[PDB]
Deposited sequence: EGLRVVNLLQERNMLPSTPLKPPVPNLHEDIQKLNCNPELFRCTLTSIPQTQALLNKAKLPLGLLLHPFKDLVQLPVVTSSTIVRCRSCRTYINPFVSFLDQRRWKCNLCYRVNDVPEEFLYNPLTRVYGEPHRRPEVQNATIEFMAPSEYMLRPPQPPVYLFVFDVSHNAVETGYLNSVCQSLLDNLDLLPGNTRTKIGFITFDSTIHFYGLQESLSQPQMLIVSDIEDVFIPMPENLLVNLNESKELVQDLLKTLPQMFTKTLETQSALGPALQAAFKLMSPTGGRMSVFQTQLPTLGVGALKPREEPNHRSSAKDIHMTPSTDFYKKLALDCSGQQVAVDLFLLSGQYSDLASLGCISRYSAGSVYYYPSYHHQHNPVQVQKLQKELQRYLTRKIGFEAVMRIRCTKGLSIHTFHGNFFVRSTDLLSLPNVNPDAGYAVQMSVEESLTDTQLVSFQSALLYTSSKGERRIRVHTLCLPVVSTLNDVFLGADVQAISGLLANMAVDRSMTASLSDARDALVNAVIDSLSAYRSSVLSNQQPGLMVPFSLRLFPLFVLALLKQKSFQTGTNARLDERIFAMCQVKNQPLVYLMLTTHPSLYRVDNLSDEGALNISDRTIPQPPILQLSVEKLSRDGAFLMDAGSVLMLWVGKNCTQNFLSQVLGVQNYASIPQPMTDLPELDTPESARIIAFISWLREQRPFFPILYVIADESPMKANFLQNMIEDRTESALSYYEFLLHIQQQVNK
């Protein structure tokens, strides 16, 4: 409850990881609350009225990771699904049992009857996260089979990248590991200026390539054997994946007809739906969906983003209608207009994957990144033809959604696919004053079809209290969740207005919030829950999404915004504010509880060069990547015992990973690195290339506390905030 003066601390970042706030609830109610990783709110203490919310100047909203992989999941198979007869809210641990045979709905307050099927001991009332077996009324059609369609760019530029070699090899290794049963269907399409289909029949000596050159009028050439059964045609698929990277070695096709290629891929998956994987390497220049080139901005252009055409938006809406999701793999070395291409994944519940300047021989970093990301992309669980409803207690109203989906009528989120790595955000307002209740509940119902052909409903329920004073609102503030919601709000501000407005609204979010806290209590005074608020916002303003005076290119910025709108809150925080450790002096204060493994726990350092040292090495955890920066004057012990090298001069320029040496210093750093990646499914690639002169030291671009020739330092920032707070 204490008040912090940010101008005297300058060391407020804790040495241990940040934990989400515990809502100020009763001991028996909070113990049943939802896991904060699956469901969390910006304000754990909900403001009673909208006037109190506007006074606090903090955004109210939710951030949910609904399909995340779980260690344990209760699966109810009851012959009936107990839902409130008014608002269809599933029975949750936060209802009110009165008559023992009647329960009060925590969202619409209507009393319901408990069916003849200790009722409070029912598993539907003892788990905030549960999964049902949906009855026959919860499906428009029989459960669709798992369908996978891969669409590859095979133009001359794509063949030069060499991406087809690694992509086809990963498919062969993970062919049995694809989610699905004996109903699984798989298909392939390549394209340059013409669309190439690939029929697969056991009666033929080899697969047959069928070309559609009528670009203005695509069609499906064959009624069968284009989408084939993977179980029956296993051998026929394996031959094509070994022959595909050899059919276009001498290709002189330069133009890519991506637009018409997606239309043919849509017509192919339109009957059944499923997941459509698209690999693209250059600008779409031929046919519908053609995009004009664009000159990249430099560090000398002001903030003067939006799609160039509505084609890929209109096309994604048709894919969503047929339960088809499009994942876009962009492996381009030049401009490709991702502001327009990304619409194919935003409005179809897909997800984009960006690999700048991918080359099989010239960029081994992007090669191993595509290797590990495809390992996750092909083996993670999946849901088909899915929808998600987000219900909140009466009085609260959702008014803006964030993520990759299509908002149907009556706030229904359409998800052609649902993947366990997708995060969403919701902004809401107090439509009616919460003077009646002291608790409010939020429930997200995820209806989907599993890979085994089963309609399942995953439900998460969160419970939060209601407060009526300014100080009680600031006390329950989640600073990490506020930064996540503001980043999503600023991304929409960029498209709607401009990038300058998106940056001004982010600074005004800190100004107005602390200006209101000051008007209700010399230096810069903040509550303890917001001691890191100006730090994470400055980090937001220096991320590749909103940075101004940098040499950033157009595709880098839009992908940094596609990750704001799509990644969970934790990895958004790891990207915006990476965790910096010193890893040349690992000791035994770690988590040596886990058997033989010791796992050192070095303290988190702040993102400033002042914290670095030329006498050692520093590891940085950016969520998707791990960078180890080696100082020039590093000790000979760390070079020989950890790097396996006799001097700083003989450290290989691109070092793809550390060697597992026969030294205890190697075991300590391998144990610490292993512990980092075990916390996440997406394997983060480590590269020790960061040197003091590798020309790849973007390691410094994450030093958000320090000043540059185009941004303020952390302390320069605090002086500007105080100047405006008491203006």
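If you line the structure up with the deposited chain, the stretches without a C-alpha atom are 1-2, 120-130, 318-320, 538-542.
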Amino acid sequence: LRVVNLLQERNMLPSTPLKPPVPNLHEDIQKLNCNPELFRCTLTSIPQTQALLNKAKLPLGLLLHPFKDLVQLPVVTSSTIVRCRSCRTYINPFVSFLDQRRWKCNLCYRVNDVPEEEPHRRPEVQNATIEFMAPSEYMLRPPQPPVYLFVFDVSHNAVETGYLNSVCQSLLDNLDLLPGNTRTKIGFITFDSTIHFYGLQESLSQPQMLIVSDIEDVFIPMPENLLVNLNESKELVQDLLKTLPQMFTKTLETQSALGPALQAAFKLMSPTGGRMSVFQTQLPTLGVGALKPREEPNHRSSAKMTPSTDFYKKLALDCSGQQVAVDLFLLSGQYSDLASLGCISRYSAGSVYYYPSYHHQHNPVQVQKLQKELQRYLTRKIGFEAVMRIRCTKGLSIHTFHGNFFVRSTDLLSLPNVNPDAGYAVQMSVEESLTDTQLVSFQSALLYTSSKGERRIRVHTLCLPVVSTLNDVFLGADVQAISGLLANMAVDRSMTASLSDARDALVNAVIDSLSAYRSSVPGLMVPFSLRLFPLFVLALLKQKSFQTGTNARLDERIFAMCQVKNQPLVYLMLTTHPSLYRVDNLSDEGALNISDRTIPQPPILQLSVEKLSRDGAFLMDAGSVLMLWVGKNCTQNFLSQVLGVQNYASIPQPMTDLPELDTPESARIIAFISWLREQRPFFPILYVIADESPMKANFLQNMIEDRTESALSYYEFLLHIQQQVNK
From here on, numbers count along this sequence of modelled residues.
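Once the C-alpha B-factors are averaged per stretch, 107-115 and 391-399 rank with 107-115 first. Higher mean CA temperature factor, per the PDB entry, when comparing 97-105 with 615-623: 97-105. Of the residues listed, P527, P522, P356, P602, the entry assigns the biggest Cα temperature factor to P522.
Annotation for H196, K632, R380, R531: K632 ranks highest, by Cα B-factor. Ranked by Cα temperature factor within the chain, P123 sits in the highest third according to the deposited record. The PDB entry assigns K68 a C-alpha temperature factor belonging to the lowest third of its chain's modelled residues. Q50 sits in the middle third of its chain by CA B factor, as recorded in the PDB entry. For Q323, the recorded CA B-factor ranks within the lowest third of the chain. Only modelled residues enter the ranking. In the deposited entry, the Cα temperature factor of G61 sits in the bottom third of values across the chain's modelled residues.
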